[PDB]
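Novice: Here it is, the structure in full.
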Amino acid sequence: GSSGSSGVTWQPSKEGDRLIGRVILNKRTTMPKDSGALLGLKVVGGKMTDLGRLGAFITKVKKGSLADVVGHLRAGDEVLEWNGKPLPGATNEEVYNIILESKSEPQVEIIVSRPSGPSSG
C-alpha cells in the first residue's frame, strides 16, 4: 500500500485563469451507505462541458467526509481526474466504473478545476 502525503492543494492552471485542486484520500474500507466508492460525494459523469467535451461534476458532498475535511471540495467542481483517470471524454457509464474501481484502492487522488477567484462578498 502506497502511503503518500494527503490533504488538498490549490494552484493556477496552465493558463492561470483556473485553479486546479489536487486532493488525495487514504481509506481502507468501502463506504457503508450506497455510495459506490465515493469518498463522500455524488459525482455525475457523462455530462456536457462548456468546452464541448464530456466531464464529471460534484452534485453533493457529505459533511465531515474525507472529501469535505481533507479535500474541502464543493458541489459543482469539475472532477478532472479521479485516481489518475481522465473523467472527461467518457460517458456516465464509464466514469462510474472508474470511480467504483477505486472502491478497492487504499488511496485515491481527486483532481478538480475551480474558477480562480472565490466569492468573498
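Each chain of the C-alpha cells is named A, B, ... in the order shown, its residues numbered from 1; ligands are numbered from 1 in display order.
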Would you list the contacts of residue 76 (chain A) as an NGL selection string, taking every protein, DNA or RNA residue within 6 Å and counting only C-alpha atoms, but skipping same-chain residues closer than 3 positions in sequence?
Specialist: :A and (57-59)
Novice: With only C-alpha atoms as the counted atoms, please give the residues lying no more than 10 Å from residue 61 (chain A), apart from itself and same-chain residues fewer than 5 positions off, as a VMD selection string.
Specialist: chain A and resid 38 to 43 66 to 68 72 to 76
Novice: Which of chain A counts as helix (DSSP H, G or I) under DSSP, as a list in words please?
Specialist: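 Helix (DSSP H, G or I) assignments inside chain A correspond to residues 66, 67, 68, 69, 92, 93, 94, 95, 96, 97, 98, 99, 100, 101, 102, 103 and 104 of chain A.
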Novice: Enumerate, as a VMD selection string, the complete set of residues in region 9-118 of chain A that a backbone-based DSSP assignment places in strand (DSSP E).
Specialist: chain A and resid 9 to 12 19 to 25 41 to 48 54 to 61 78 to 82 108 to 114
Novice: Can you work out the spacing between CA of residue 47 (chain A) and CA of residue 81 (chain A) in Å, to one decimal?
Specialist: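 Atom-to-atom, CA of residue 47 (chain A) to CA of residue 81 (chain A), that is 14.3 Å.
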Novice: Which residues come within 12 Å of residue 86 (chain A), counting only C-alpha atoms, excluding same-chain residues fewer than 3 positions away, as a PyMOL selection string?
Specialist: chain A and resi 45-46+53-56+78-83+89-91+94-96+98-99+109-112
Novice: Keeping only C-alpha atoms, write the selected residues to a file as a PDB file, in the first residue's frame.
Specialist:
ATOM      1  CA  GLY A  45     -20.148  11.810 -15.316  1.00  0.00           C
ATOM      2  CA  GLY A  46     -21.060  11.600 -18.983  1.00  0.00           C
ATOM      3  CA  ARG A  53     -16.443  17.542 -24.330  1.00  0.00           C
ATOM      4  CA  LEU A  54     -17.651  15.299 -21.505  1.00  0.00           C
ATOM      5  CA  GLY A  55     -16.803  15.681 -17.829  1.00  0.00           C
ATOM      6  CA  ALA A  56     -17.791  14.775 -14.278  1.00  0.00           C
ATOM      7  CA  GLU A  78     -15.494  19.671 -12.323  1.00  0.00           C
ATOM      8  CA  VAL A  79     -13.666  16.445 -11.472  1.00  0.00           C
ATOM      9  CA  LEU A  80     -10.819  16.409 -13.994  1.00  0.00           C
ATOM     10  CA  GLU A  81      -9.054  13.222 -12.899  1.00  0.00           C
ATOM     11  CA  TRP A  82     -10.195  10.536 -10.461  1.00  0.00           C
ATOM     12  CA  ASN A  83      -7.416   8.293  -9.151  1.00  0.00           C
ATOM     13  CA  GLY A  89     -14.177  12.315 -22.558  1.00  0.00           C
ATOM     14  CA  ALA A  90     -16.219   9.357 -21.339  1.00  0.00           C
ATOM     15  CA  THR A  91     -19.863   8.590 -20.561  1.00  0.00           C
ATOM     16  CA  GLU A  94     -17.524   4.780 -17.946  1.00  0.00           C
ATOM     17  CA  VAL A  95     -16.963   7.448 -15.292  1.00  0.00           C
ATOM     18  CA  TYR A  96     -18.858   5.450 -12.671  1.00  0.00           C
ATOM     19  CA  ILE A  98     -13.565   4.396 -12.872  1.00  0.00           C
ATOM     20  CA  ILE A  99     -14.700   5.801  -9.526  1.00  0.00           C
ATOM     21  CA  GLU A 109      -6.346  11.223  -5.923  1.00  0.00           C
ATOM     22  CA  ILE A 110      -9.143  13.630  -6.844  1.00  0.00           C
ATOM     23  CA  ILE A 111      -8.246  16.488  -9.184  1.00  0.00           C
ATOM     24  CA  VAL A 112     -10.898  19.130  -9.857  1.00  0.00           C
TER      25      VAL A 112
END
